[PDB]
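What follows is a single structure, written as structure tokens, with notes after it.
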Amino acid sequence: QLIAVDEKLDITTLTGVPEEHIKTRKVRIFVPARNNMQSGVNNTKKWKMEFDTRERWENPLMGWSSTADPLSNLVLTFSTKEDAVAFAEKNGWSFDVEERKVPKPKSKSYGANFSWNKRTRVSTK
Amino acid sequence: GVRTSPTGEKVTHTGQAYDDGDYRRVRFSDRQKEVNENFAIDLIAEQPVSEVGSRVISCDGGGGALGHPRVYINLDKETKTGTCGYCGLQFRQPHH
Amino acid sequence: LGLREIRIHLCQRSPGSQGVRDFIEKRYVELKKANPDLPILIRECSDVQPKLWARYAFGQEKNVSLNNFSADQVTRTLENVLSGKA
Amino acid sequence: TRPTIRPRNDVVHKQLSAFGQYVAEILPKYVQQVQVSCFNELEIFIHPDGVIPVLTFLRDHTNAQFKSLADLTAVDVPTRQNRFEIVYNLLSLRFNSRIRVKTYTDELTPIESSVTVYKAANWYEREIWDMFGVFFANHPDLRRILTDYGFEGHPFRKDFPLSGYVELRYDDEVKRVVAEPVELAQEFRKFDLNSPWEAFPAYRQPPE
Amino acid sequence: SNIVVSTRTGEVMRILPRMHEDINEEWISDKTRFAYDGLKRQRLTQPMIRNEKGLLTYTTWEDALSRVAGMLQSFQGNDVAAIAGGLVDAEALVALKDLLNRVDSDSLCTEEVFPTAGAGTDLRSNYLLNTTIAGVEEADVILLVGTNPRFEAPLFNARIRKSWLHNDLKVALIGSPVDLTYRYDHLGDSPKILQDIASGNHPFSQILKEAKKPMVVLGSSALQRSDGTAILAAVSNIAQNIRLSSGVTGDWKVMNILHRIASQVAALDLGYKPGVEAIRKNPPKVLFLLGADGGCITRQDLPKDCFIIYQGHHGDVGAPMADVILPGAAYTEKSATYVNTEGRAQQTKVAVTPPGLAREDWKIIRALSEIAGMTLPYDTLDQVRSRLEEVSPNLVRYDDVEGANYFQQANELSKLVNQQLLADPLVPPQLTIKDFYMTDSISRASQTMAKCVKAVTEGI
Amino acid sequence: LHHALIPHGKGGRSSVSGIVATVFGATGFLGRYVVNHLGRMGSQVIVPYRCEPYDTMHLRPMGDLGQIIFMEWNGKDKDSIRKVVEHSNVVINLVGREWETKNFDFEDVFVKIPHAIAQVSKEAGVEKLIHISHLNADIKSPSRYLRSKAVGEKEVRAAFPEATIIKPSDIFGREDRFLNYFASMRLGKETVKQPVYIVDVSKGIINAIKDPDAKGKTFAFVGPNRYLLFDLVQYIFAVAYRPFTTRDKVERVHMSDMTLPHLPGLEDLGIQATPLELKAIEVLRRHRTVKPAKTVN
Amino acid sequence: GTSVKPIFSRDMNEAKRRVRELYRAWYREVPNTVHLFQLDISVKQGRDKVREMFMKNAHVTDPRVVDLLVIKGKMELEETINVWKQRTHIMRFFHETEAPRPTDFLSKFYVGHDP
Ligand SMILES: NC(=O)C1=CN([C@@H]2O[C@H](COP(=O)(O)OP(=O)(O)OC[C@H]3O[C@@H](n4cnc5c(N)ncnc54)[C@H](OP(=O)(O)O)[C@@H]3O)[C@@H](O)[C@H]2O)C=CC1
Ligand SMILES: [Zn+2]
């Protein structure tokens with residue numbers, strides 16, 4: 001009832017992707033950086049897979065931005081790094097992974113503002 | 001105030017005009033180039049500066065709900081005139 | 001035929017690089033004493049066998065492994081490469 | 001609770017919970033989980049091998065007799081090991097009720113076809129094969145139903161590009177309609193609308 | 001420093017910081033934030049060759065590549081040379097290294113000068129910031145010689161300021177009395193003071209003796225002057241005294257060097273000879289200017305009818321004095337590797353595409369090799385990075401900063417040659433804020449930096 | 001080089017090839033294929049048309065939005081020619097007529113109009129001009145057609161020194177007048193014909209536009225094989241399953257096709273000529289209700 | 001472990017048998033299709049195209065992937081038998097209207113930024 005086959009999964013032949021968009025593209029697996037314009041951190045929770053930037057040019061008429069690759073707007077969401085890496089390997093895409101960056105904890109204290117001899121004494125408030 | 005390009009074309013309010021060597025001009029030959037004659041910058045330049053005797057004025061663009069969101073303009077800087085961010089109108093305190 | 005440069009890739013914590021490490025810490029300076037104009041690059045590997053690259057004239061390159069080599073062994077190997085004997 | 005809030009029904013909530021527990025008790029071999037929504041919707045999560053039994057039970061049991069198949073669809077979640085999620089929506093006219101059955105599969109594991117249970121599933125299953133690539137075993141005729149003939153790829157997968165890979169035009173050299181690699185005069189503008197400052201504390205996840 | 005490039009319909013909109021707790025904390029400098037305006041002006045878009053009138057005219061890629069390849073095939077040896085600029089990536093550096101090696105040349109130089117005497121660039125720790133930016137926060141005393149970190153490395157100075165405010169760091173300086181946004185102890189301006197620190201007569205030697213974790217930093221500006229090797233020897237002697245007398249605290253790594261350009265550390269790691277003295281001693285008859293815009297080499301100090309090739313992205317002091325011009329890509333237009341002053345390697349990403357006929361730098365060099373018949377093995381970016389791993393395997397580890405300590409070897413190699421210090425004060429180029437806005441080709445091409453300079457010189 | 005003239009994209013419909021072509025006589029048999037090849041790569045085409053726009057209606061799908069611009073002109077007038085080629089960097093001349101007309105005889109069609117086009121293209125700063133004339137065009141020809149063709153070649157060479165002259169022989173195509181003409185007849189054994197495929201000529205013109213050193217050269221586009229007229233007509237009638245224009249055309253078709261081995265051909269442009277047998281079925285499938293003709297080399 | 005649910009075959013021999021069956025069916029269908037849709041290709045060219053489409057997937061070593069490919073191939077074969085497809089669809093296999101994309105480094109370097 002069970003094949004018990006021992007081989008790495010590869011569904012490349014069944015997805016219908018053209019051959020050039022498989023061995024040439026380079027996916028990036030990462031946690032998006034926090035937008036420094038805002039202090040919220042709800043967009044840095046999941047992992048994202050995104051493809052590399054290709055050529056965009058100006059349309060001779062109307063001056064719009066024209067592109068030629070299909071995977072320009074394709075961004076995938078994953079719960080963990082391992083899930084994203086497994087998906088990338090299964091689909092036959094070469095990937096680059098960089099580890100999650102978490103802000104290290106800091107020792108905040110209001111009373112350090114009004115210091116008797118240290119330099120943390122604030123000039124105003 | 002519509003200016004004319006050195007080639008002979010009309011320059012839009014954004015300053016757009018094909019230069020001598022640009023081939024795209026061929027799209028206008030035997031046809032016309034659409035340029036709006038009314039320039040908003042010139043039309044708003046000729047508006048009179050309103051005189052109010054209050055330190056802070058309000059502007060809603062005229063018409064109430066048919067204008068733009070209501071804003072408040074400070075007139076303390078006597079060097080210049082307070083300008084509405086939406087309408088472009090000018091206000092200024094009665095110096096002397 | 002003319003040696004242009006040599007590069008030693010050694011790993012920091014691997015034990016198979018230990019002898020190579022010793023070589024530096026004991027005789028690298030002395031080798032620079034003998035060879036004031038030959039660039040002797042030393043670089044860092046990570047879970048890779050220690051290696052020695054010799055780059056000759058016209059870009060010809062030849063590498064030799066240094067895994068589990070002793071300090072006297074790598075001393076002899078560098079002498080062989082510098083003197084041109086094979 | 002003011003007129004701006006959708007009112008809750010508790011009688012139906014309790015009834016659906018009791019019936020879900022009943023179905024769970026009868027079929028412990030396949031049922032993995034039972035849930036009731038806050039808006040009184042009952043959904044059952046089962047093992048893939050129990051599609052034919054469980055559905056049959058729900059169609060044929062005197063207490064259930066869910067005679068109608070409202071809809072059959074699939075949901076693609078790439079982050080799961082079993083990528084595809086097969087959803088069966090059933091309607092019972094005798095008891096005026098609705099149920100949902102949920103199953104999981106992947107690209108290579110097939111699903112038994114429920115044509116022997118509901119005829120309505122036939123076309124639905126075809127659509128799934130056309131749109132997600134999920135294979136249904138023992139189907140009378142499994143083939144594409146929506147896409148063009150010879151279309152490569154399954155468009156409703158989350159990794160399929162929105163504009164596809166090829167586009168059609170007419171060529172006077174060959175005097176026919178041909179397909180070429182897609183090129184857009186204006187590329188689709190991708191908008192990042194997700195905001196920080198999460199909205200619903202009720203759905204917060206542990207920080208692992 | 002890590003950044004986020006915000007683009008819109010294939011056009012760079014703005015630059016924002018990116019949080020890295022070890023490099024840039026959370027911020028970027030004004031030049032980094034507002035110099036992207038220079039990427040849209042004075043751009044090189046097509047290849048150019050000299051016409052019969054002696055002026056530069058546009059041409060196709062084949063014509064320019066053949067014109068360069070003819071001279072490359074005709075010459076050989078030291079008659080062929082190259083200089084690497086301050087905005088060049090490791091890919092193009094190794095590409096040009098291999099290309100000129102295939103024609104048997106070793107004149108691979110950089111505009112900035114690092115003393116090659118003693119160990120030179122053979123030991124990696126001889127020219128890096130070994131204490132690291134995140135390690136500045138653990139020091140208790142710090143000595144800065146011949147540098148102005150406020151304009152030479154703004155985020156490094158910000159980290160020093162943070163450690164000064166929070167860890168009660170003690171800062172002392174040798175050089176011109178510039179303002180560093182925090183108070184420091186000014187030892188003096190003459191390099192002789194350094195010698196006193198080695199001798200022990202100057203009391204700052206005693207003050208630094210008791211320091212549990214002392215840090216010494218020497219800037220490349222002090223190394224650019226003619227007596228740079230003597231200065232490096234003196235600072236190394238100071239660090240030797242620190243270790244032997246006060247005792248080896250452990251893996252503290254007191255010796256540090258702070259760089260000014262992003263392309264220096266990678267070139268030093270790739271075996272490039274720092275400084276342009278090799279070109280001066282043996283003038284070449286064909287010269288490659290890989291983004292070289294420092295103005296160090298003019299046509300006056302080259303042989304007549306010399307062949308100059310400029311490959312870059314901006315029209316600057318180095319372009320009009322060239323014979324063949326090859327338009328390249330900017331850092332916002334290619335996936336490229338840069339190694340910071342800590343020795344940490346990081347790769348950029350493609351935000352937009354190069355304008356017009358501009359191509360990637362390593363691709364240009366590889367095509368030139370193919371045309372000249374000295375075809376290089378690598379064909380794709382991964383193959384280039386495999387070559388980089390071959391030459392220096394730490395250029396492919398994209399977040400590591402750690403490295404072995406070889407201070408003792410380089411130190412005892414530095415004690416052979418004894419050049420005397422000059423009697424000139426250590427005056428850095430970055431005396432005032434007005435000297436910080438324009439430093440490279442991208443900055444000089446921007447209206448924003450021009451506006452900043454005009455506002456600084458006169459303000460309303 | 002006028003940055004807006006730099007190629008961009010991937011050579012598709014919406015790409016930019018940097019070619020701005022004015023194709024005179026684009027409403028003809030060769031004009032449609034030339035415009036199709038120019039538009040499928042993303043180039044901008046100016047189509048100057050004399051006829052009603054209804055007859056130009058089929059050219060519109062060949063290009064993307066704004067890539068094809070249709071303009072009226074008169075051969076007798078120089079201002080119209082000037083304003084059609086004002087902004088083009090490539091000019092292609094495909095103006096030709098096989099018969100006499102009370103307004104245009106052979107001299108105006110093949111001498112005066114090409115001379116005006118070449119002169120205006122030179123005065124306008126056009127970089128490339130491509131001119132088409134018959135292969136058998138000689139001054140000493142009995143026919144006024146080919147004599148006028150030769151005079152036009154000489155005059156366009158004089159006016160435009162960097163003009164590229166193409167001399168295709170008996171092009172055969174779905175909408176041609178060679179296979180259809182023979183199939184509509186429903187004399188030889190000494191005359192030899194060397195027909196050339198329509199797509200081969202289209203690709204040759206495109207490559208000549210692209211080719212940098214094909215400035216002043218003269219090409220002769222000919223097919224792979226030389227055919228005796230009798231067996232060629234036999235094969236034409238056999239493919240169609242069929243049992244086997246005033247004066248100039250019969251004289252032209254009775255003349256043998258010249259051989260000019262010194263001139264470069266399609267091989268110089270990297271094109272493998274398509275044999276007649278492969279496309280004969282495509283052309284003649286519409287004349288209905290195997291044993292190819294023997295060749296001489 | 002690594003035990004999975006089969007589709008049609010248990011090991012590679014049965015999958016190879018099914019591939020051979022499908023190849024036989026396509027080979028027998030090629031000339032009938034060439035005549036019926038009134039093609040411009042020859043039968044040898046069509047069978048060469050069928051061989052190329054088969055050889056494209058010659059690197060698969062998973063019986064599940066192989067027999068799913070076989071299922072698909074029977075689907076297009078069934079589309080072709082019943083003339084569900086138009087003339088255009090059959091050609092879509094030949095890319096007759098597409099320009100040739102060069103593969104050497106110099107050509108790609110000259111044409112554009114595409115790697
Ligand atoms: N077998 C062949 O056809 C080969 C053709 N020749 C040459 O190739 C060229 C093009 O061939 P082809 O396309 O088949 O010819 P066509 O008969 O198909 O039409 C030629 C074009 O020239 C225009 N034209 C013709 N006469 C005039 C005129 N008096 N004034 C303005 N425009 C005119 C026509 O436009 P309109 O619709 O208004 O008439 C038409 O669009 C010609 O120069 C021909 O001599 C080369 C070898 C043989
Ligand atoms: Zn207003």
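Each chain in the structure tokens gets a letter, A, B and so on, in the order shown; residues start at 1 in every chain, and ligands are counted from 1 in the order they appear.
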
### Task
Going by DSSP on the backbone, which bits of segment 221-413 of chain E are strand (DSSP E)? Write them as a list in words, please.
residues 255, 256, 257, 258, 286, 287, 288, 289, 290, 307, 308, 309, 310, 311, 312, 324, 325, 326, 327, 337, 338, 339, 345, 346 and 347 of chain E

Show me, as a tab-separated table (two decimals) with N, CA and C atoms, in the first residue's frame, the residues of chain D whose atoms get within 8 Å of chain A, using only C-alpha atoms for the distance check.
```
chain	number	residue	atom	x	y	z
D	78	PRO	N	0.22	27.70	1.17
D	78	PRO	CA	1.56	27.15	0.86
D	78	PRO	C	2.41	26.84	2.07
D	79	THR	N	2.15	27.46	3.22
D	79	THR	CA	2.99	27.25	4.39
D	79	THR	C	2.75	25.91	5.06
D	80	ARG	N	1.69	25.20	4.70
D	80	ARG	CA	1.40	23.91	5.29
D	80	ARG	C	2.09	22.80	4.50
D	81	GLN	N	2.44	21.73	5.20
D	81	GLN	CA	3.01	20.56	4.53
D	81	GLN	C	2.01	19.96	3.55
D	107	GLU	N	0.28	17.96	-3.37
D	107	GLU	CA	0.35	17.94	-4.83
D	107	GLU	C	0.25	16.52	-5.38
D	152	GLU	N	-0.91	25.51	-19.38
D	152	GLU	CA	0.07	24.92	-18.48
D	152	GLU	C	0.02	25.64	-17.14
D	153	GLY	N	-0.15	24.88	-16.07
D	153	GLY	CA	-0.20	25.43	-14.73
D	153	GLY	C	-1.62	25.55	-14.20
D	154	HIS	N	-1.70	25.66	-12.88
D	154	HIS	CA	-2.98	25.75	-12.18
D	154	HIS	C	-3.12	27.13	-11.56
D	158	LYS	N	-1.42	29.74	-4.95
D	158	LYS	CA	-0.96	31.03	-4.45
D	158	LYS	C	0.35	31.48	-5.08
D	159	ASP	N	1.10	30.59	-5.72
D	159	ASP	CA	2.36	30.96	-6.35
D	159	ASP	C	2.26	31.14	-7.85
D	161	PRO	N	1.47	33.36	-11.03
D	161	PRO	CA	1.39	34.80	-11.25
D	161	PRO	C	-0.01	35.23	-11.66
D	162	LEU	N	-0.38	36.45	-11.28
D	162	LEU	CA	-1.73	36.93	-11.53
D	162	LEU	C	-2.00	37.06	-13.03
D	163	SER	N	-1.03	37.54	-13.79
D	163	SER	CA	-1.20	37.76	-15.22
D	163	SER	C	-0.79	36.56	-16.06
D	164	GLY	N	-0.41	35.45	-15.44
D	164	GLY	CA	-0.01	34.28	-16.18
D	164	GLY	C	1.38	34.40	-16.77
D	165	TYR	N	1.69	33.45	-17.65
D	165	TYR	CA	2.98	33.39	-18.31
D	165	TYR	C	2.93	33.70	-19.79
D	182	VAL	N	4.31	36.84	-21.86
D	182	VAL	CA	3.50	38.00	-21.49
D	182	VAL	C	4.38	39.22	-21.28
D	183	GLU	N	3.93	40.35	-21.82
D	183	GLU	CA	4.56	41.64	-21.62
D	183	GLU	C	3.47	42.67	-21.41
D	184	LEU	N	3.53	43.38	-20.29
D	184	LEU	CA	2.50	44.34	-19.92
D	184	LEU	C	3.00	45.75	-20.19
D	185	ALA	N	2.18	46.55	-20.87
D	185	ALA	CA	2.51	47.96	-21.07
D	185	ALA	C	2.55	48.71	-19.75
D	186	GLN	N	1.63	48.41	-18.83
D	186	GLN	CA	1.69	48.91	-17.46
D	186	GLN	C	1.68	47.71	-16.53
D	187	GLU	N	2.78	47.53	-15.79
D	187	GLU	CA	2.86	46.47	-14.81
D	187	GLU	C	1.86	46.71	-13.68
D	188	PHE	N	1.36	45.62	-13.10
D	188	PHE	CA	0.41	45.71	-12.00
D	188	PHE	C	1.07	46.33	-10.79
D	189	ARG	N	0.51	47.44	-10.31
D	189	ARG	CA	1.05	48.13	-9.15
D	189	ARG	C	0.73	47.33	-7.89
D	190	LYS	N	1.76	46.96	-7.14
D	190	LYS	CA	1.59	46.19	-5.92
D	190	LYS	C	1.55	47.14	-4.73
D	194	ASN	N	-1.04	46.25	4.40
D	194	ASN	CA	-1.00	45.78	5.78
D	194	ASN	C	-0.37	46.84	6.66
D	195	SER	N	-1.02	47.12	7.78
D	195	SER	CA	-0.52	48.11	8.71
D	195	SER	C	0.06	47.43	9.94
D	196	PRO	N	0.99	48.08	10.62
D	196	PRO	CA	1.37	47.63	11.96
D	196	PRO	C	0.26	47.92	12.94
D	197	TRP	N	0.48	47.74	14.24
D	197	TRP	CA	-0.55	48.00	15.24
D	197	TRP	C	-1.76	47.09	15.00
D	198	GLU	N	-1.55	45.81	15.31
D	198	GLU	CA	-2.55	44.78	15.11
D	198	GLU	C	-3.93	45.23	15.59
```

### Those in chain B with helix (DSSP H, G or I) from DSSP, as an MDAnalysis selection string
chainID B and resid 23:27 40:45 64:66

Only N, CA and C atoms, please: the residues just picked out, written as a PDB file, in the first residue's frame.
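This went into out.pdb:
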```pdb
ATOM      1  N   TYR B  23      11.770  61.916 -31.334  1.00  0.00           N
ATOM      2  CA  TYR B  23      10.970  61.425 -32.449  1.00  0.00           C
ATOM      3  C   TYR B  23       9.479  61.443 -32.153  1.00  0.00           C
ATOM      4  N   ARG B  24       9.086  61.357 -30.879  1.00  0.00           N
ATOM      5  CA  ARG B  24       7.684  61.178 -30.519  1.00  0.00           C
ATOM      6  C   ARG B  24       6.794  62.302 -31.028  1.00  0.00           C
ATOM      7  N   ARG B  25       7.375  63.454 -31.373  1.00  0.00           N
ATOM      8  CA  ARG B  25       6.624  64.539 -31.993  1.00  0.00           C
ATOM      9  C   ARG B  25       5.818  64.077 -33.199  1.00  0.00           C
ATOM     10  N   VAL B  26       6.219  62.976 -33.843  1.00  0.00           N
ATOM     11  CA  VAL B  26       5.509  62.508 -35.027  1.00  0.00           C
ATOM     12  C   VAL B  26       4.062  62.169 -34.696  1.00  0.00           C
ATOM     13  N   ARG B  27       3.759  61.890 -33.425  1.00  0.00           N
ATOM     14  CA  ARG B  27       2.382  61.584 -33.062  1.00  0.00           C
ATOM     15  C   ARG B  27       1.465  62.792 -33.196  1.00  0.00           C
ATOM     16  N   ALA B  40      -3.274  77.054 -13.592  1.00  0.00           N
ATOM     17  CA  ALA B  40      -3.722  77.266 -12.221  1.00  0.00           C
ATOM     18  C   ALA B  40      -2.757  78.157 -11.449  1.00  0.00           C
ATOM     19  N   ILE B  41      -1.459  78.047 -11.732  1.00  0.00           N
ATOM     20  CA  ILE B  41      -0.469  78.841 -11.009  1.00  0.00           C
ATOM     21  C   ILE B  41      -0.648  80.327 -11.305  1.00  0.00           C
ATOM     22  N   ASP B  42      -0.841  80.679 -12.578  1.00  0.00           N
ATOM     23  CA  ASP B  42      -1.074  82.076 -12.927  1.00  0.00           C
ATOM     24  C   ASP B  42      -2.406  82.571 -12.377  1.00  0.00           C
ATOM     25  N   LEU B  43      -3.445  81.735 -12.436  1.00  0.00           N
ATOM     26  CA  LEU B  43      -4.760  82.163 -11.973  1.00  0.00           C
ATOM     27  C   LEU B  43      -4.778  82.383 -10.465  1.00  0.00           C
ATOM     28  N   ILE B  44      -4.051  81.557  -9.710  1.00  0.00           N
ATOM     29  CA  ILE B  44      -3.992  81.752  -8.265  1.00  0.00           C
ATOM     30  C   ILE B  44      -3.003  82.848  -7.890  1.00  0.00           C
ATOM     31  N   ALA B  45      -2.071  83.193  -8.785  1.00  0.00           N
ATOM     32  CA  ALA B  45      -1.137  84.273  -8.486  1.00  0.00           C
ATOM     33  C   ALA B  45      -1.835  85.625  -8.411  1.00  0.00           C
ATOM     34  N   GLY B  64     -18.624  75.812   1.934  1.00  0.00           N
ATOM     35  CA  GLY B  64     -18.935  74.928   3.037  1.00  0.00           C
ATOM     36  C   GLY B  64     -18.522  73.499   2.766  1.00  0.00           C
ATOM     37  N   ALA B  65     -19.500  72.596   2.694  1.00  0.00           N
ATOM     38  CA  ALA B  65     -19.212  71.196   2.418  1.00  0.00           C
ATOM     39  C   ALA B  65     -18.781  70.955   0.980  1.00  0.00           C
ATOM     40  N   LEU B  66     -18.895  71.952   0.109  1.00  0.00           N
ATOM     41  CA  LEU B  66     -18.494  71.823  -1.283  1.00  0.00           C
ATOM     42  C   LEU B  66     -17.054  72.246  -1.528  1.00  0.00           C
TER      43      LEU B  66
END
```

### Message
Taking only C-alpha atoms into account, name the residue in G:53, G:75, G:58, G:41 that is nearest to chain F.
### Response
G:41

Each residue of chain B lying at most 7 Å from ligand 2 should get a row with its shortest atom-to-atom pair and the distance in Å to one decimal, counting only C-alpha atoms and all ligand atoms; could you produce that, ordered by chain and increasing number, as JSON lines?
```
{"residue": "B:59", "atom": "CA", "partner": "ligand 2", "partner_atom_place_in_ligand_line": "1 (Zn)", "distance": 4.7}
{"residue": "B:60", "atom": "CA", "partner": "ligand 2", "partner_atom_place_in_ligand_line": "1 (Zn)", "distance": 5.2}
{"residue": "B:61", "atom": "CA", "partner": "ligand 2", "partner_atom_place_in_ligand_line": "1 (Zn)", "distance": 4.0}
{"residue": "B:68", "atom": "CA", "partner": "ligand 2", "partner_atom_place_in_ligand_line": "1 (Zn)", "distance": 6.9}
{"residue": "B:84", "atom": "CA", "partner": "ligand 2", "partner_atom_place_in_ligand_line": "1 (Zn)", "distance": 4.6}
{"residue": "B:85", "atom": "CA", "partner": "ligand 2", "partner_atom_place_in_ligand_line": "1 (Zn)", "distance": 6.6}
{"residue": "B:86", "atom": "CA", "partner": "ligand 2", "partner_atom_place_in_ligand_line": "1 (Zn)", "distance": 5.2}
{"residue": "B:87", "atom": "CA", "partner": "ligand 2", "partner_atom_place_in_ligand_line": "1 (Zn)", "distance": 3.6}
{"residue": "B:88", "atom": "CA", "partner": "ligand 2", "partner_atom_place_in_ligand_line": "1 (Zn)", "distance": 5.9}
{"residue": "B:89", "atom": "CA", "partner": "ligand 2", "partner_atom_place_in_ligand_line": "1 (Zn)", "distance": 5.7}
```

Given the selection you just returned, output its residues as a file containing C-alpha atoms, formatted as a compact mmCIF listing (two decimals), in the first residue's frame.
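Result saved to again22.txt:
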```
# COMPACT_ATOMS: atom_id res chain seq x y z
CA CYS B 59 -10.31 78.49 5.46
CA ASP B 60 -12.64 75.86 4.01
CA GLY B 61 -12.23 76.82 0.35
CA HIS B 68 -11.95 71.36 1.03
CA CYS B 84 -4.06 77.63 2.59
CA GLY B 85 -2.58 74.21 1.92
CA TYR B 86 -5.60 73.16 -0.15
CA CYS B 87 -7.06 76.25 -1.82
CA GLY B 88 -3.90 78.29 -2.30
CA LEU B 89 -5.54 81.48 -1.04
```

### Task
With only C-alpha atoms and all ligand atoms counted, collect every polymer residue having an atom within 8 Å of ligand 1; state the result as an NGL selection string.
:F and (24-32 or 49-51 or 55 or 74-75 or 93-98 or 103-105 or 108-110 or 113 or 132-135 or 149 or 167-172 or 176-178)

Expected file contents, prior selection, C-alpha atoms, as a PDB file, in the first residue's frame:
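out-v7.pdb was written with the following content:
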```
ATOM      1  CA  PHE F  24       6.519  53.535 -48.015  1.00  0.00           C
ATOM      2  CA  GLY F  25       4.061  51.334 -49.860  1.00  0.00           C
ATOM      3  CA  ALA F  26       3.146  49.405 -46.710  1.00  0.00           C
ATOM      4  CA  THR F  27      -0.310  48.451 -48.027  1.00  0.00           C
ATOM      5  CA  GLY F  28       1.183  45.871 -50.399  1.00  0.00           C
ATOM      6  CA  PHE F  29       2.225  42.238 -50.367  1.00  0.00           C
ATOM      7  CA  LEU F  30       5.679  42.825 -48.850  1.00  0.00           C
ATOM      8  CA  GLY F  31       4.612  45.863 -46.837  1.00  0.00           C
ATOM      9  CA  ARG F  32       2.309  43.894 -44.557  1.00  0.00           C
ATOM     10  CA  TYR F  49      -0.859  55.411 -47.227  1.00  0.00           C
ATOM     11  CA  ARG F  50      -2.325  56.711 -50.483  1.00  0.00           C
ATOM     12  CA  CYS F  51      -5.515  54.617 -50.500  1.00  0.00           C
ATOM     13  CA  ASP F  55      -7.489  49.256 -47.046  1.00  0.00           C
ATOM     14  CA  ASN F  74       1.289  62.070 -52.391  1.00  0.00           C
ATOM     15  CA  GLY F  75       4.116  60.818 -54.580  1.00  0.00           C
ATOM     16  CA  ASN F  93      10.916  51.932 -49.942  1.00  0.00           C
ATOM     17  CA  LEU F  94       8.402  49.323 -51.118  1.00  0.00           C
ATOM     18  CA  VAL F  95       6.575  51.429 -53.723  1.00  0.00           C
ATOM     19  CA  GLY F  96       5.995  49.401 -56.871  1.00  0.00           C
ATOM     20  CA  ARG F  97       3.395  48.725 -59.535  1.00  0.00           C
ATOM     21  CA  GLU F  98       3.425  45.925 -62.095  1.00  0.00           C
ATOM     22  CA  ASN F 103      -1.405  58.862 -63.654  1.00  0.00           C
ATOM     23  CA  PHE F 104       1.703  56.786 -62.832  1.00  0.00           C
ATOM     24  CA  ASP F 105       3.832  55.057 -65.442  1.00  0.00           C
ATOM     25  CA  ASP F 108       7.356  57.824 -61.869  1.00  0.00           C
ATOM     26  CA  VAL F 109       6.867  54.662 -59.813  1.00  0.00           C
ATOM     27  CA  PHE F 110      10.414  53.298 -60.112  1.00  0.00           C
ATOM     28  CA  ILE F 113       9.325  58.504 -56.437  1.00  0.00           C
ATOM     29  CA  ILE F 132      13.958  47.317 -53.224  1.00  0.00           C
ATOM     30  CA  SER F 133      14.323  46.557 -56.935  1.00  0.00           C
ATOM     31  CA  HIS F 134      14.032  43.497 -59.143  1.00  0.00           C
ATOM     32  CA  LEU F 135      16.906  41.037 -59.441  1.00  0.00           C
ATOM     33  CA  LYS F 149      14.194  49.624 -61.971  1.00  0.00           C
ATOM     34  CA  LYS F 167      17.152  42.775 -55.336  1.00  0.00           C
ATOM     35  CA  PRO F 168      14.643  39.993 -54.531  1.00  0.00           C
ATOM     36  CA  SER F 169      13.606  37.681 -57.347  1.00  0.00           C
ATOM     37  CA  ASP F 170      10.073  36.386 -57.859  1.00  0.00           C
ATOM     38  CA  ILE F 171       8.961  36.355 -54.211  1.00  0.00           C
ATOM     39  CA  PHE F 172       6.236  33.759 -53.640  1.00  0.00           C
ATOM     40  CA  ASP F 176       1.721  36.875 -54.040  1.00  0.00           C
ATOM     41  CA  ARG F 177       1.283  37.152 -57.801  1.00  0.00           C
ATOM     42  CA  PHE F 178       3.518  34.203 -58.756  1.00  0.00           C
TER      43      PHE F 178
END
```

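Of note, atom CA of residue 69 of chain D and atom CA of residue 147 of chain D are spaced 23.9 Å apart.
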
### Task
Identify, on the basis of only C-alpha atoms, every residue whose closest approach to segment 173-175 of chain F does not exceed 8 Å; exclude the query and any residue fewer than 5 positions from it along the same chain; express the result as JSON, numbers by chain.
{"F": [29, 180, 197, 198, 282, 283, 284]}
